[PDB]
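What follows is a single structure, written as structure tokens, with notes after it.
Lettering follows sequence order; numbering is per chain, from 1. Note: hydrogens, waters and symmetry copies are ignored here, and every other heavy atom, side chains too, is used.
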Amino acid sequence: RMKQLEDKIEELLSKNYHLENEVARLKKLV
Amino acid sequence: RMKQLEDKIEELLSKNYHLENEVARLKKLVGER
């Protein structure tokens, strides 16, 4: 379960980075 | 250690939702989706 939590942290971190990229992409449009 | 990992998930998930909310607002402004 330790490994599952670790994988989810890595997964969420990647998702957050994507969303941060998206914010930047969307800002640039503006 | 479980507690630490779980706290990290709850932290990142909250950050995720705040970013999603912002992306949603910006998409509307620029008239994306």
Side-chain angles (χ1 to χ4, degrees), chain A residues 1-2 4-26 29-30, chain B residues 1-27 29-32:
Chain A
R1 183 161 97 75
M2 178 135 291
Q4 294 197 284
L5 296 174
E6 286 162 359
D7 294 356
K8 180 51 108 165
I9 290 170
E10 286 152 23
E11 172 200 313
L12 282 174
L13 192 61
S14 174
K15 290 183 173 176
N16 289 359
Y17 286 155
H18 170 61
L19 291 179
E20 292 170 26
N21 291 347
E22 281 285 283
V23 175
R25 173 186 70 81
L26 285 164
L29 278 205
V30 188
Chain B
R1 182 84 198 287
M2 286 309 254
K3 169 62 170 155
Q4 187 187 6
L5 298 173
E6 291 166 1
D7 284 354
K8 181 58 61 190
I9 291 178
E10 292 166 11
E11 168 197 346
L12 291 173
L13 180 59
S14 176
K15 174 79 204 159
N16 180 270
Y17 286 151
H18 285 283
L19 288 172
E20 286 286 12
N21 296 343
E22 182 181 23
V23 171
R25 292 194 290 264
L26 288 166
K27 277 178 173 172
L29 177 85
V30 314
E32 198 169 88

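- Atom CG of B:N21 sits about 11.0 Å away from atom CG of B:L26, to the nearest 0.5 Å.
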Could you pull out all donor-acceptor pairs under 3.5 Å where a side-chain atom in residues 7-20 of chain B meets a protein atom, sequence neighbours excluded?
residue : atom : partner : partner atom : Å
B:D7    : OD1  : B:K3    : NZ           : 2.8
B:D7    : OD2  : B:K3    : NZ           : 3.2
B:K8    : NZ   : B:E11   : OE1          : 2.7
B:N16   : ND2  : A:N16   : OD1          : 3.1

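- The distance from atom CD of B:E32 to atom CD of A:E22, rounded to the nearest 0.5 Å, is 7.0 Å.
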